[PDB]
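Structure, as structure tokens:
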Amino acid sequence: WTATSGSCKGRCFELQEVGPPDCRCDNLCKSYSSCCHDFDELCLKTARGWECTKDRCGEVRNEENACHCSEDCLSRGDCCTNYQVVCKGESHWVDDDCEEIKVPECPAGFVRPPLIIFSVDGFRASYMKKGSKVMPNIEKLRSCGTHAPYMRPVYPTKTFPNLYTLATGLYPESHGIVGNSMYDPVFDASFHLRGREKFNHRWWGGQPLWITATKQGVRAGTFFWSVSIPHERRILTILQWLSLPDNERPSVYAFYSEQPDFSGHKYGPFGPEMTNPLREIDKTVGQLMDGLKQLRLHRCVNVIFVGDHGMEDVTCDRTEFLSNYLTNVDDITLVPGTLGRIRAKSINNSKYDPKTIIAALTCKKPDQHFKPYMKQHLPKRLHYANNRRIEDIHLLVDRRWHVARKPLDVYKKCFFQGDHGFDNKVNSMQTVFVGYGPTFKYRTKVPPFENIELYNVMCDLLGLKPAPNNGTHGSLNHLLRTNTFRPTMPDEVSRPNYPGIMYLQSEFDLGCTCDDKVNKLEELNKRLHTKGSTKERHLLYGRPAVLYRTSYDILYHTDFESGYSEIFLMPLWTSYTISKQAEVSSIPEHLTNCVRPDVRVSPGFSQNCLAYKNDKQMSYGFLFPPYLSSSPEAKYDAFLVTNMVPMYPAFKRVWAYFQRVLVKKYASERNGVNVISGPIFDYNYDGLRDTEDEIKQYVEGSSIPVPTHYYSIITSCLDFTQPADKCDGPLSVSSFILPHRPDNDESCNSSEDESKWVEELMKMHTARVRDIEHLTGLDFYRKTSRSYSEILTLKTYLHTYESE
Ligand SMILES: *[C@@H]1O[C@H](CO)[C@@H](O[C@@H]2O[C@H](CO)[C@@H](O[C@@H]3O[C@H](CO[C@H]4O[C@H](CO)[C@@H](O)[C@H](O[C@H]5O[C@H](CO)[C@@H](O)[C@H](O)[C@@H]5O[C@H]5O[C@H](CO)[C@@H](O)[C@H](O)[C@@H]5O)[C@@H]4O)[C@@H](O)[C@H](O[C@H]4O[C@H](CO)[C@@H](O)[C@H](O)[C@@H]4O[C@H]4O[C@H](CO)[C@@H](O)[C@H](O)[C@@H]4O)[C@@H]3O)[C@H](O)[C@H]2NC(C)=O)[C@H](O)[C@H]1NC(C)=O
Ligand SMILES: O=C(c1cnc(N[C@@H]2Cc3ccc(Cl)cc3C2)nc1)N1CCC12COC2
Ligand SMILES: [Ca+2]
Ligand SMILES: [Ca+2]
Ligand SMILES: [Cl-]
Ligand SMILES: [K+]
Ligand code: NA
Ligand SMILES: [Zn+2]
């Protein structure tokens with residue numbers, strides 16, 4: 001119940017929302033059908049449009065008008081945005097030369113530069129170049145300010161997940177807005193684009209920027225705008241709030257535009273009809289900048305121009321139907337479109353079986369345009385699993401396609417030509433970032449970055465301490481002239497042991513065998529290798545720090561160094577450098593099944609071969625590859641029981657190709673590489689390192705835990721004329737987190753030679769170093785000659801394998 005008989009007089013676009021049944025006058029009241037009776041008359045004035053004209057200059061103030069051209073308008077803060085241009089001979093902001101903003105130039109009584117976020121729905125990254133001729137205001141922001149070529153959204157690349165990620169710095173799985181449509185089984189309630197339930201606060205987790213600001217004494221404008229409020233009025237409202245007295249004026253504001261998304265869905269991303277929406281958005285930016293200029297705020301405010309996601313060509317005819325794969329199609333509920341989520345229609349149906357659904361959807365048609373996954377098997381870079389609102393069964397849909405349950409769903413709902421929602425590495429889903437203002441750099445291009453990072457930066461721009469989030473604070477310091485955040489490296493929690501030779505061969509009863517029963521020059525030489533004489537070649541960036549309490553040993557060898565966990569009975573990490581000149585060799589016949597006890601490590605803290613023999617499903621591989629040994633004598637080190645890890649035979653096909661072929665290929669292409677490899681255990685799919693008591697699978701009959709994933713971090717010199725091991729400058733990295741699966745069902749062409757499918761798998765499971773850090777509790781690149789913020793940027797880099 002709204003008692004809509006109250007009034008909005010003196011209350012138009014009030015910042016504090018009032019409680020029912022009192023009627024509302026805020027920028028969202030329309031959306032709740034809760035505005036006072038006189039809201040439209042008083043607060044949504046339209047009379048005479050949005051622009052001054054020569055004939056209105058110096059007019060008598062008529063309070064009916066949308067905006068004002070009277071002499072008093074500037075001090076009242078309600079001039080049309082083009083007032084000084086039409087009536088005082090000033091230039092539009094866009095026509096002025098760019099001039100560096102070295103310091104904020106603010107009116108008296110401003111405590112900090114305000115921040116205005118100008119958010120545009122569906123603004124694909126390539127619009128900045130492709131629409132540059134029709135967007136002169138945006139192009140001035142872009143060229144004069146700080147810009148990225150693109151900004152990566154989160155998955156799913158839908159509106160609400162991305163807007164809320166912008167607000168919180170959180171992955172969708174953590175903030176809880178995991179799609180534009182959702183069912184929460186704990187609440188037994190649904191969230192939809194239309195309707196009321198989405199306004200309930202229990203959907204929205206973490207702490208959005210407006211709440212962070214308010215809690216720390218920084219006033220905020222309301223970020224959400226009812227659809228019917230025209231853009232011109234949103235801009236005039238922001239400019240009016242900026243004219244409030246010091247103790248009432250917000251420091252942070254957001255504008256939102258439903259364009260170009262709205263048109264993009266109708267016409268496709270580059271439909272000829274798209275030119276006008278882009279023009280109109282530019283015009284709106286121009287109104288804001290002219291408005292700020294009139295108020296003497298154009299060299300005071302920091303402006304961010306940002307999108308939520310891009311837009312792809314998608315038509316009705318590119319729909320896959322689940323009714324073409326499943327006989328039982330009426331026993332499931334599908335969330336459809338550019339992703340798929342499946343659950344049982346009825347929780348009372350005991351016959352429903354996700355395994356049988358997954359198998360009926362796996363590699364069934366030759367050009368099949370979706371791939372099913374249990375959510376825990378999705379690429380870890382998506383961070384899309386740890387929420388009860390994410391259904392166990394997920395369909396990753398190819399770009400340009402839709403999935404639906406039955407054909408009747410698609411013609412009883414062609415209309416549309418654009419959509420979005422796909423994997424966040426897809427080029428067409430990328431969006432924009434420009435920062436302009438005293439706190440941003442001048443005429444500076446920055447590399448692409450993820451939208452999860454922006455919350456920290458917005459907090460930096462406002463002098464706020466961010467709530468805990470998934471950004472890496474400091475990784476965007478290179479965007480900023482000042483207000484940088486200067487983090488310290490986390491402290492190492494566990495120091496390593498450095499064991500020497502402590503065990504005789506006959507103390508080991510591991511069931512292992514090796515044909516290895518085979519000189520003072522080379523006896524001293526190998527002792528020095530065991531004490532760490534080559535460690536500077538193979539450990540280029542320092543040893544990784546262990547950020548949790550555990551017991552581990554550093555093990556040195558000729559060709560590799562490892563941090564060996566006494567708790568998990570395997571390395572946490574193995575580090576080695578392969579030069580451009582390195583040779584690949586085979587595993588000699590006499591060593592095929594060789595596993596050797598490590599006399600530095602107790603039998604009790606070692607794996608054993610008999611467990612692998614007994615376990616009919618599980619085999620083993622090596623972290624440092626025997627294929628890349630520096631010499632026949634050094635190769636023996638690769639067969640130590642301390643370099644062994646559990647591997648399903650299906651995974652060994654992947655791993656062996658990586659080790660035998662791809663490492664050398666990368667060393668050839670990049671002028672040497674340093675590789676750090678290791679296991680990951682994430683049985684609860686939260687993206688974080690499991691403790692021992694979370695492990696769900698062991699090698700049969702043993703205490704040897706089975707990894708859920710294997711990582712590798714492959715680092716070289718960004719200047720590829722310098723070898724990886726003698727690099728003076730910035731680094732280059734690529735990483736992966738491969739799922740450790742007992743089949744290759746994920747790869748539809750896996751019956752073919754590994755040269756036709758392994759690399760494609762590895763690209764799909766590309767990762768950030770930071771993702772590996774979360775998953776392992778390790779901190780990498782501790783000892784470089786580079787600035788810590790630069791290393792933070794490096795750790796957030798994702799190699800996407802998309803063309804330009
Ligand atoms: C991305 O960044 C984020 C933010 O930093 C990281 O997420 C954090 O991860 C922490 C570790 O998992 C997690 O810490 C737990 O918090 C529990 C208290 O949580 C409430 O309060 C906070 C603070 O205000 C609030 O933010 C939380 O919000 C979550 O839940 C509400 C629903 O209630 C949602 O609206 C909201 O969206 C958010 O959901 C997300 O997180 C929860 C988990 O908290 C998930 O379940 C959801 O799916 C979704 O992802 C909460 O309202 C606290 O109780 C936990 O403490 C237990 O564990 C410790 C281990 O040390 C143990 O010692 C304690 O005894 C305790 O265990 C007891 O409870 C267990 C569970 O019932 C029980 O099994 C035991 O037997 C024990 O009795 C824990 O500290 C933190 O909450 C989240 N924060 C957020 C915002 O998500 C995230 O990890 C980053 N991701 C990556 C990949 O790096
Ligand atoms: O209703 C809105 C809408 C959306 N977003 C906003 N505002 C944005 C929120 C937000 C979050 C973070 C940042 Cl940094 C900026 C902004 C501005 N306003 C309205 N949409 C979206 C689809 C519908 C529902 O009906 C149409
Ligand atoms: Ca959107
Ligand atoms: Ca975990
Ligand atoms: Cl969705
Ligand atoms: K076996
Ligand atoms: Na296969
Ligand atoms: Zn859309």
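In the structure tokens, each chain is lettered A, B, ... as it comes, each chain's residues begin at 1, and ligands are numbered from 1 in order of appearance.
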
Could you build a table of the residues in chain A lying no more than 7 Å from ligand 7, giving for each the nearest pair of atoms and their separation in Å rounded to one decimal place, using only C-alpha atoms and all ligand atoms, ordered by chain and ascending residue number, as a Markdown table?
| residue | atom | partner | partner_atom_place_in_ligand_line | distance |
| --- | --- | --- | --- | --- |
| A:744 | CA | ligand 7 | 1 (Na) | 4.4 |
| A:745 | CA | ligand 7 | 1 (Na) | 3.9 |
| A:746 | CA | ligand 7 | 1 (Na) | 5.8 |
| A:747 | CA | ligand 7 | 1 (Na) | 4.4 |
| A:748 | CA | ligand 7 | 1 (Na) | 4.2 |
| A:749 | CA | ligand 7 | 1 (Na) | 5.6 |
| A:750 | CA | ligand 7 | 1 (Na) | 4.3 |
| A:751 | CA | ligand 7 | 1 (Na) | 6.4 |

Exercise. With only C-alpha atoms and all ligand atoms counted, collect every polymer residue having an atom within 9 Å of ligand 6; state the result as a list in words.
Key: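 Final answer, ordered by chain and number: residues 609, 610, 611, 612, 613, 614, 615, 616, 617, 618, 619, 620, 648, 649 and 699 of chain A.
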
May I have the residues within 8 Å of residue A:158 as a short mmCIF file (atom, residue, chain, number, x, y, z; two decimals) with C-alpha atoms, in the first residue's frame, using only C-alpha atoms and disregarding those fewer than 3 positions away in the same chain?
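Written file, around-v9.cif:
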data_model
loop_
_atom_site.label_atom_id
_atom_site.label_comp_id
_atom_site.auth_asym_id
_atom_site.auth_seq_id
_atom_site.Cartn_x
_atom_site.Cartn_y
_atom_site.Cartn_z
CA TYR A 155 30.35 -14.59 -16.94
CA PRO A 161 25.49 -9.89 -13.07
CA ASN A 162 27.85 -7.36 -14.64
CA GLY A 179 21.97 -14.49 -14.06
CA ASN A 180 19.21 -12.23 -15.31
CA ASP A 308 28.45 -3.95 -18.79
CA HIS A 309 29.03 -6.36 -21.79
CA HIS A 420 24.92 -11.60 -25.19
CA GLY A 421 25.60 -13.90 -22.26
#

Got a sec to check which residues lie within 7 Å of ligand 1, using only C-alpha atoms and all ligand atoms, and send them as a CSV table (one decimal) with N, CA and C atoms, in the first residue's frame?
chain,number,residue,atom,x,y,z
A,170,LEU,N,32.9,-8.2,-6.9
A,170,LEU,CA,32.7,-9.6,-6.7
A,170,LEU,C,32.3,-10.4,-7.9
A,171,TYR,N,32.8,-11.6,-8.0
A,171,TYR,CA,32.3,-12.6,-9.0
A,171,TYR,C,30.7,-12.8,-8.7
A,173,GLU,N,29.1,-15.5,-8.6
A,173,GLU,CA,28.9,-16.6,-7.6
A,173,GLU,C,29.0,-16.1,-6.1
A,174,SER,N,29.7,-15.0,-5.9
A,174,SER,CA,29.8,-14.4,-4.5
A,174,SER,C,28.8,-13.4,-4.3
A,175,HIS,N,28.5,-12.5,-5.2
A,175,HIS,CA,27.4,-11.5,-5.0
A,175,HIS,C,26.0,-12.1,-5.1
A,176,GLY,N,25.9,-13.2,-5.8
A,176,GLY,CA,24.6,-13.9,-5.8
A,176,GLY,C,23.7,-13.6,-7.0
A,202,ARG,N,17.4,-9.7,-0.1
A,202,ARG,CA,18.1,-11.0,0.0
A,202,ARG,C,18.8,-11.6,-1.2
A,203,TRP,N,18.5,-11.1,-2.4
A,203,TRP,CA,19.2,-11.6,-3.6
A,203,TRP,C,20.6,-11.0,-3.7
A,204,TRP,N,20.8,-9.8,-3.2
A,204,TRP,CA,21.9,-9.0,-3.5
A,204,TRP,C,22.9,-9.0,-2.4
A,205,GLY,N,24.0,-9.8,-2.6
A,205,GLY,CA,25.1,-9.9,-1.6
A,205,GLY,C,26.3,-9.0,-1.8
A,206,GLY,N,27.3,-9.1,-1.0
A,206,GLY,CA,28.5,-8.2,-0.9
A,206,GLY,C,28.1,-6.8,-0.5
A,383,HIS,N,34.8,-18.8,-12.7
A,383,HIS,CA,34.4,-18.7,-11.3
A,383,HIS,C,32.9,-18.8,-11.1
A,386,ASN,N,30.2,-21.8,-7.2
A,386,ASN,CA,30.0,-21.8,-5.7
A,386,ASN,C,28.8,-21.0,-5.3
A,387,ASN,N,27.6,-21.3,-5.8
A,387,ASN,CA,26.4,-20.7,-5.4
A,387,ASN,C,25.3,-21.7,-5.6
A,388,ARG,N,24.4,-21.8,-4.6
A,388,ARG,CA,23.2,-22.7,-4.8
A,388,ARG,C,22.3,-22.3,-5.8
A,468,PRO,N,36.0,-6.5,1.3
A,468,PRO,CA,36.6,-7.6,0.7
A,468,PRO,C,36.0,-8.0,-0.6
A,469,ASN,N,36.9,-8.1,-1.6
A,469,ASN,CA,36.3,-8.4,-3.0
A,469,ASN,C,37.3,-9.2,-3.8
A,470,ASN,N,37.0,-9.4,-5.1
A,470,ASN,CA,37.8,-10.3,-5.9
A,470,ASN,C,38.8,-9.6,-6.8
A,686,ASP,N,35.0,-23.9,-4.7
A,686,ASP,CA,34.9,-22.5,-4.2
A,686,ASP,C,36.0,-21.6,-4.8
A,687,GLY,N,36.9,-22.1,-5.6
A,687,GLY,CA,38.0,-21.4,-6.1
A,687,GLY,C,39.2,-21.2,-5.2
A,688,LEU,N,39.1,-21.9,-4.0
A,688,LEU,CA,40.1,-21.7,-3.0
A,688,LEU,C,40.7,-23.1,-2.6
A,774,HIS,N,44.8,-18.3,-5.6
A,774,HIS,CA,43.6,-18.6,-4.7
A,774,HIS,C,43.5,-20.1,-4.5

Quiz item: Which residues come within 12 Å of residue A:45, counting only C-alpha atoms, excluding same-chain residues fewer than 6 positions away, as a ChimeraX atom specification?
Solution: /A:12,38-39,62-68,229-230,232-233,236-237

Practice problem: Between A:47, A:8, A:731, A:189, single out the one closest to residue A:790, counting only C-alpha atoms. | Solution: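 Using only C-alpha atoms, residue A:790 sits closest to A:731.
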
Quiz item: Hey, can you check how far atom CA of residue A:794 sits from atom CA of residue A:768?
Solution: 8.5 Å

Near stretch 21-37 of chain A, 10 Å: stretch 203-244 of chain A residue rows, closest pairs, only C-alpha atoms, as a tab-separated table:
residue	atom	partner	partner_atom	distance
A:221	CA	A:27	CA	9.7
A:222	CA	A:27	CA	7.2
A:223	CA	A:27	CA	8.7
A:224	CA	A:28	CA	6.5
A:225	CA	A:27	CA	5.3
A:226	CA	A:28	CA	5.0
A:227	CA	A:31	CA	7.8
A:228	CA	A:30	CA	7.9
A:229	CA	A:27	CA	7.9
A:234	CA	A:27	CA	8.6
A:237	CA	A:27	CA	9.3

Quiz item: Using only C-alpha atoms and all ligand atoms, what are the residues with an atom within 10 Å of ligand 8, set out as a list in words?
Solution: residues 121, 122, 123, 157, 158, 159, 160, 180, 258, 259, 260, 261, 262, 263, 264, 265, 266, 308, 309, 310, 311, 418, 419, 420 and 421 of chain A

Got time to write the residues from that selection, N, CA, C and O atoms, as a tab-separated table (two decimals), in the first residue's frame?
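For reference, again-v8.tsv as written:
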chain	number	residue	atom	x	y	z
A	121	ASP	N	24.71	0.22	-21.44
A	121	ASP	CA	24.34	-1.16	-21.53
A	121	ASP	C	24.64	-1.67	-22.95
A	121	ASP	O	24.30	-1.02	-23.95
A	122	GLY	N	25.36	-2.78	-23.06
A	122	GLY	CA	25.60	-3.39	-24.36
A	122	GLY	C	26.59	-2.71	-25.26
A	122	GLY	O	26.59	-2.94	-26.45
A	123	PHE	N	27.45	-1.86	-24.70
A	123	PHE	CA	28.40	-1.09	-25.46
A	123	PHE	C	29.66	-1.94	-25.71
A	123	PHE	O	30.62	-1.97	-24.92
A	157	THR	N	27.72	-12.99	-19.32
A	157	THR	CA	27.81	-11.66	-19.85
A	157	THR	C	26.41	-11.09	-20.09
A	157	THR	O	26.08	-10.63	-21.17
A	158	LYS	N	25.67	-11.03	-18.99
A	158	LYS	CA	24.34	-10.48	-18.89
A	158	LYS	C	24.40	-9.19	-18.05
A	158	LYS	O	25.36	-8.91	-17.31
A	159	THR	N	23.31	-8.44	-18.08
A	159	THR	CA	23.29	-7.11	-17.51
A	159	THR	C	23.43	-7.06	-16.00
A	159	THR	O	24.32	-6.40	-15.44
A	160	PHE	N	22.51	-7.70	-15.29
A	160	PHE	CA	22.55	-7.59	-13.81
A	160	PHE	C	23.79	-8.20	-13.15
A	160	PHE	O	24.36	-7.59	-12.23
A	180	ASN	N	20.36	-13.12	-15.22
A	180	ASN	CA	19.21	-12.23	-15.31
A	180	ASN	C	17.93	-12.99	-14.83
A	180	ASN	O	16.97	-12.33	-14.44
A	258	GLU	N	20.15	2.45	-21.21
A	258	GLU	CA	19.67	1.17	-21.72
A	258	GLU	C	20.15	0.90	-23.15
A	258	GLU	O	20.06	-0.21	-23.64
A	259	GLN	N	20.62	1.95	-23.81
A	259	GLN	CA	21.28	1.91	-25.10
A	259	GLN	C	22.83	1.78	-24.98
A	259	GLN	O	23.41	2.32	-24.03
A	260	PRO	N	23.50	1.15	-25.95
A	260	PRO	CA	22.90	0.64	-27.19
A	260	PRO	C	22.31	-0.80	-27.14
A	260	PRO	O	21.82	-1.30	-28.19
A	261	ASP	N	22.31	-1.45	-25.98
A	261	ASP	CA	21.77	-2.81	-25.81
A	261	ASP	C	20.37	-2.97	-26.43
A	261	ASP	O	20.14	-3.93	-27.16
A	262	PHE	N	19.47	-2.05	-26.09
A	262	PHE	CA	18.06	-2.17	-26.49
A	262	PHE	C	17.97	-2.30	-28.01
A	262	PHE	O	17.32	-3.22	-28.53
A	263	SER	N	18.66	-1.43	-28.73
A	263	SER	CA	18.65	-1.52	-30.17
A	263	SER	C	19.46	-2.69	-30.69
A	263	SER	O	19.13	-3.30	-31.70
A	264	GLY	N	20.60	-2.97	-30.04
A	264	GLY	CA	21.42	-4.09	-30.44
A	264	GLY	C	20.70	-5.43	-30.49
A	264	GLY	O	20.97	-6.27	-31.35
A	265	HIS	N	19.81	-5.66	-29.54
A	265	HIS	CA	19.05	-6.89	-29.58
A	265	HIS	C	18.18	-6.97	-30.85
A	265	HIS	O	18.05	-8.03	-31.42
A	266	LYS	N	17.59	-5.84	-31.23
A	266	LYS	CA	16.70	-5.76	-32.40
A	266	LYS	C	17.43	-5.83	-33.70
A	266	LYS	O	16.98	-6.53	-34.59
A	308	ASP	N	28.65	-2.71	-19.53
A	308	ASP	CA	28.45	-3.95	-18.79
A	308	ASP	C	28.89	-5.21	-19.57
A	308	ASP	O	29.33	-6.17	-18.94
A	309	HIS	N	28.77	-5.19	-20.90
A	309	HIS	CA	29.03	-6.36	-21.79
A	309	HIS	C	28.86	-5.82	-23.22
A	309	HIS	O	28.29	-4.77	-23.41
A	310	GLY	N	29.23	-6.64	-24.19
A	310	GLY	CA	29.10	-6.36	-25.59
A	310	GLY	C	27.81	-6.97	-26.15
A	310	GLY	O	26.80	-7.12	-25.43
A	311	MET	N	27.85	-7.31	-27.43
A	311	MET	CA	26.64	-7.79	-28.18
A	311	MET	C	27.14	-8.56	-29.39
A	311	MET	O	28.12	-8.14	-30.05
A	418	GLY	N	20.43	-9.70	-32.15
A	418	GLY	CA	21.62	-9.59	-31.27
A	418	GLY	C	21.33	-10.25	-29.94
A	418	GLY	O	20.20	-10.23	-29.47
A	419	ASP	N	22.37	-10.78	-29.27
A	419	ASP	CA	22.25	-11.17	-27.87
A	419	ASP	C	23.63	-11.24	-27.22
A	419	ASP	O	24.62	-11.12	-27.90
A	420	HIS	N	23.65	-11.54	-25.94
A	420	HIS	CA	24.92	-11.60	-25.19
A	420	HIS	C	24.66	-12.56	-24.07
A	420	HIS	O	23.50	-12.92	-23.85
A	421	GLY	N	25.71	-12.92	-23.32
A	421	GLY	CA	25.60	-13.90	-22.26
A	421	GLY	C	26.69	-14.93	-22.29
A	421	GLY	O	26.96	-15.57	-21.27

Exercise. Taking the DSSP assignment computed from this structure's backbone, write out as an MDAnalysis selection string all residues of stretch 306-440 of chain A that belong to strand (DSSP E or B).
Key: chainID A and resid 306:307 312:313 319:321 332:335 337 339:344 370:374 393:397 402:404 418:419 431 433:436 440

Next, the residues of the selection above should be written as a compact mmCIF listing (two decimals), in the first residue's frame with C-alpha atoms.
# COMPACT_ATOMS: atom_id res chain seq x y z
CA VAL A 306 32.00 1.97 -18.79
CA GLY A 307 29.88 -0.80 -20.27
CA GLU A 312 26.88 -10.62 -30.74
CA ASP A 313 24.88 -11.52 -33.89
CA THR A 319 18.97 -22.38 -31.90
CA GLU A 320 19.77 -25.86 -30.67
CA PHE A 321 16.85 -27.69 -29.09
CA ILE A 332 13.60 -30.77 -16.86
CA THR A 333 13.56 -27.04 -16.38
CA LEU A 334 15.95 -25.08 -18.59
CA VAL A 335 17.14 -21.53 -18.14
CA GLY A 337 19.37 -18.63 -24.39
CA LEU A 339 23.78 -20.18 -21.71
CA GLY A 340 21.86 -23.12 -20.39
CA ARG A 341 21.13 -24.18 -16.84
CA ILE A 342 19.24 -27.41 -16.19
CA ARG A 343 17.52 -28.75 -13.16
CA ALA A 344 14.72 -31.26 -12.49
CA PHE A 370 26.78 -26.14 -27.06
CA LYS A 371 28.76 -28.23 -24.58
CA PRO A 372 27.41 -29.63 -21.34
CA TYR A 373 29.28 -29.48 -18.04
CA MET A 374 28.73 -30.31 -14.43
CA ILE A 393 24.18 -28.85 -15.09
CA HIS A 394 25.46 -26.06 -17.29
CA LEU A 395 25.53 -25.58 -21.00
CA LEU A 396 28.21 -23.39 -22.52
CA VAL A 397 26.75 -22.11 -25.75
CA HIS A 402 20.99 -20.07 -28.48
CA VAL A 403 19.86 -23.20 -26.70
CA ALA A 404 16.15 -23.81 -25.95
CA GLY A 418 21.62 -9.59 -31.27
CA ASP A 419 22.25 -11.17 -27.87
CA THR A 431 33.08 -3.86 -23.38
CA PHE A 433 36.51 1.56 -20.13
CA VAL A 434 37.56 5.19 -20.17
CA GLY A 435 38.61 7.25 -17.15
CA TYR A 436 38.84 11.04 -17.45
CA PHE A 440 43.32 9.51 -14.01

Could you build a table of the residues in chain A lying no more than 6 Å from ligand 2, giving for each the nearest pair of atoms and their separation in Å rounded to one decimal place, using only C-alpha atoms and all ligand atoms, ordered by chain and ascending residue number, as a tab-separated table?
residue	atom	partner	partner_atom_place_in_ligand_line	distance
A:117	CA	ligand 2	14 (Cl)	5.9
A:119	CA	ligand 2	15 (C)	5.7
A:163	CA	ligand 2	11 (C)	4.4
A:164	CA	ligand 2	11 (C)	5.5
A:166	CA	ligand 2	12 (C)	4.9
A:167	CA	ligand 2	12 (C)	4.1
A:193	CA	ligand 2	24 (C)	5.9
A:223	CA	ligand 2	17 (C)	4.8
A:224	CA	ligand 2	18 (N)	3.4
A:225	CA	ligand 2	18 (N)	4.2
A:226	CA	ligand 2	1 (O)	5.8
A:254	CA	ligand 2	17 (C)	5.1
A:255	CA	ligand 2	17 (C)	5.7
A:256	CA	ligand 2	7 (N)	4.7

Practice problem: Within 10 Å of residue A:487, counting only C-alpha atoms, which residues show up once you throw out same-chain ones fewer than 2 positions away? Write them as a ChimeraX atom specification, please. | Solution: /A:472-475,484-485,489-490,788-789,792

Write out the residues from the selection above, keeping N, CA and C atoms, as a compact mmCIF listing (two decimals), in the first residue's frame.
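Wrote result.txt, looks like this:
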# COMPACT_ATOMS: atom_id res chain seq x y z
N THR A 472 42.23 -7.37 -7.31
CA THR A 472 43.57 -7.47 -6.74
C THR A 472 44.01 -6.02 -6.63
N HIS A 473 43.89 -5.49 -5.43
CA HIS A 473 44.06 -4.06 -5.18
C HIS A 473 45.50 -3.67 -5.39
N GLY A 474 45.69 -2.76 -6.34
CA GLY A 474 47.00 -2.39 -6.80
C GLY A 474 47.24 -2.74 -8.24
N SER A 475 46.48 -3.69 -8.79
CA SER A 475 46.73 -4.13 -10.11
C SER A 475 46.31 -3.09 -11.14
N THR A 484 47.14 6.18 -5.59
CA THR A 484 47.49 4.79 -5.79
C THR A 484 47.41 4.03 -4.45
N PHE A 485 47.23 2.73 -4.55
CA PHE A 485 47.14 1.95 -3.35
C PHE A 485 48.40 1.18 -3.31
N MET A 489 53.45 -7.29 -0.05
CA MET A 489 53.35 -8.71 -0.36
C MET A 489 52.87 -9.44 0.90
N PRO A 490 52.05 -10.45 0.72
CA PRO A 490 51.60 -11.12 1.92
C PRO A 490 52.77 -11.84 2.60
N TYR A 788 55.94 -3.83 -7.47
CA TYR A 788 54.93 -4.77 -7.00
C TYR A 788 53.61 -4.57 -7.74
N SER A 789 53.23 -3.32 -8.00
CA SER A 789 52.00 -3.07 -8.77
C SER A 789 52.11 -3.65 -10.17
N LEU A 792 51.47 -7.29 -9.74
CA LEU A 792 50.02 -7.47 -9.58
C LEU A 792 49.27 -7.46 -10.90

Self-check item: Nearby residues, ligand 4, 8 Å, only C-alpha atoms and all ligand atoms, as a list in words
Solution: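 Based on only C-alpha atoms and all ligand atoms, ligand 4 is surrounded within 8 Å by residues 681, 682, 683, 684, 685, 686, 687, 688, 689, 690, 691, 694 and 775 of chain A.
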